[PDB]
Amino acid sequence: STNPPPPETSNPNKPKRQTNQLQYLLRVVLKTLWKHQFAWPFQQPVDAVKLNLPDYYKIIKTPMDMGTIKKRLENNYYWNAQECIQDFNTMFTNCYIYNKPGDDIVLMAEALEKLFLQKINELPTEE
């Protein structure tokens, strides 16, 4: 009936860092996925209330969306690119585990992930 609090976007205990890879994950990778036509259901955290999905947060316990990833990158939340990529994987994985293969939301997530993999292939060398 209610949505849980969103994932954190900053943490004083977590060491902050800004690298050219993390800059590329914000300026190139995330910007490309964000501007995509299939991006609108992945921009904010999954609103189980408006979608009439009482079971979504009974199944998914580690939610993730691109808005959370966007704030974390802007707040230098990640120490390296792997941690940021791991949130992307969590966002896609959650969608594949909760929904059926062939659903609209899964076809949409599969298209975003393919473009995501296209940019990750050319992630710059850490300088």
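Numbers for residues come from their place in the sequence shown, where the first is 1. The term rigid core refers to the maximal set of C-alpha atoms that superpose within 1.5 Å between the two forms.
**Student:** Hey, after superposing on the core, which one moves around more in 7 other deposited structures of this protein, 92-100 or 48-56, CA-wise?
**Tutor:** Comparing 92-100 with 48-56, the larger C-alpha deviation in 7 other deposited structures of this protein belongs to 48-56.
**Student:** State which stretch shows the higher mean Cα B factor in the entry: 47-55 or 94-102.
**Tutor:** Comparing 47-55 with 94-102, the higher average CA B-factor belongs to 47-55.
**Student:** Of 85-93 and 25-33, which one has the bigger average CA B-factor?
**Tutor:** Of 85-93 and 25-33, the stretch with the higher C-alpha B-factor average is 25-33.
**Student:** Can you tell me whether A39 has a C-alpha B-factor in the lowest, middle or highest third compared with the other modelled residues of the same chain?
**Tutor:** Its C-alpha B-factor belongs to the middle third of this chain's values.
**Student:** Is the Cα B-factor recorded for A109 in the lowest, middle or highest third of its chain?
**Tutor:** For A109, whose C-alpha B-factor we compare with every modelled residue in the chain, the answer is the lowest third.
**Student:** For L73, does the deposited CA B-factor place it in the lowest, middle or highest third of the chain?
**Tutor:** For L73, whose C-alpha B-factor we compare with every modelled residue in the chain, the answer is the highest third.
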